[PDB]
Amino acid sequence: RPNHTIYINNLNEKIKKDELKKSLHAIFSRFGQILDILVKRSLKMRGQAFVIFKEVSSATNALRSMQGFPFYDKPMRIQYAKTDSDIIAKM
């Protein structure tokens, strides 16, 4: 808060992992270089995603711009990740 990583939820759980990942990437890539998307369809982690930006400017612009955007017929809910993703905590 802020953070390199944004946590998206209220996502449409019927989307296949591999295309949700590439969809998040194609859309959020417009707000800066991206290092990873982490997506699981587990019961704990379905409906959600972590997209990890290289620079925090990117993240906060993505969080402000894309808040509530209609994505696969649901409005995205975007917060800052509560904590640093492991790949940005190694640097």
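We number the residues from 1 along the sequence you see.
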Averaged over C-alpha atoms, is the B-factor higher for 3-11 or for 82-90 in this PDB entry?
82-90
Would you mind ranking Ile27 by its C-alpha B-factor against the rest of the chain and naming the third, lowest, middle or highest?
middle
Looking at the C-alpha B-factor of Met45, is it in the lowest, middle or highest third of its chain?
lowest
Divide the modelled residues of the chain into thirds by Cα B-factor and specify which third, lowest, middle or highest, holds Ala62.
middle
If you rank every modelled residue in this chain by C-alpha B factor, which third holds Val39: lowest, middle or highest?
lowest
